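One point on numbering: in PDB author numbering, the residue at position 6 of the sequence shown is 6, and numbering is uninterrupted. All residues carry an ideal CB built from backbone N, CA and C; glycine is no exception. Here is the structure we will look at, set down as structure tokens.
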Amino acid sequence: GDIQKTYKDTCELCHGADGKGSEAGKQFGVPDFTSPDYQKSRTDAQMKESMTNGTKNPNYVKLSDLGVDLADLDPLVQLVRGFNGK
Ligand code: HEC
């Protein structure tokens with residue numbers, strides 16, 4: 001549905017259809033969302049902080065700069081969690 005469409009349209013280019021990082025995402029330095037070790041290293045609040053505020057890393061565009069509806073943040077975090085263990 002709508003959240004999966006948003007992921008396909010403005011996240012998958014970097015994060016990949018499998019969450020592991022496309023060739024582009026690996027060039028930019030995405031994490032591996034399928035890694036259980038990566039997943040458990042971040043709380044949901046920490047993910048949301050990065051997505052809302054940006055990080056120290058100049059390669060990461062905060063999601064409001066991508067134009068993403070702020071109401072999509074929580075479901076996008078849940079979608080990212082969905083890659084865990086795949
Ligand atoms: C390339 C241009 C990207 C697009 C489009 C999106 N993301 Fe991304 N993301 C990217 C990088 C290079 C990184 C790591 C380095 C950094 O920029 O900070 C990330 C990181 C994330 C994370 C992890 C945050 C954490 O605290 O561990 C999440 C949860 C994330 N990205 C989600 C995400 C979503 C939902 C996107 C579409 C709306 C999206 N990203 C786009 C690179 C790129």
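Assumed close pair residue i, residue j - CB separation to whole angstroms, cut-off 8 Å
| i | j | result |
| --- | --- | --- |
| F83 | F33 | 4 Å |
| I3 | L76 | 6 Å |
| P36 | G85 | 6 Å |
| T6 | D72 | 6 Å |
Proximal residues to residue i (C-beta, below 7 Å), its chain only, five neighbours per side dropped
| i | result |
| --- | --- |
| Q78 | none |
| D44 | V77 |
| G54 | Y60 and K62 |
| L13 | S22 and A24 |
Neighbourhood of residue i by C-beta distance below 6 Å, restricted to the same chain and skipping five residues each side
| i | result |
| --- | --- |
| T10 | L66 |
| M47 | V77 |
| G19 | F33, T34 and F83 |
Practice problem: Scan the stretch 29 to 84 and note each continuous alpha helix (DSSP H) run of 4 residues or more that stays entirely inside, going in chain order. | Solution: 36 to 40, 44 to 53 and 73 to 81
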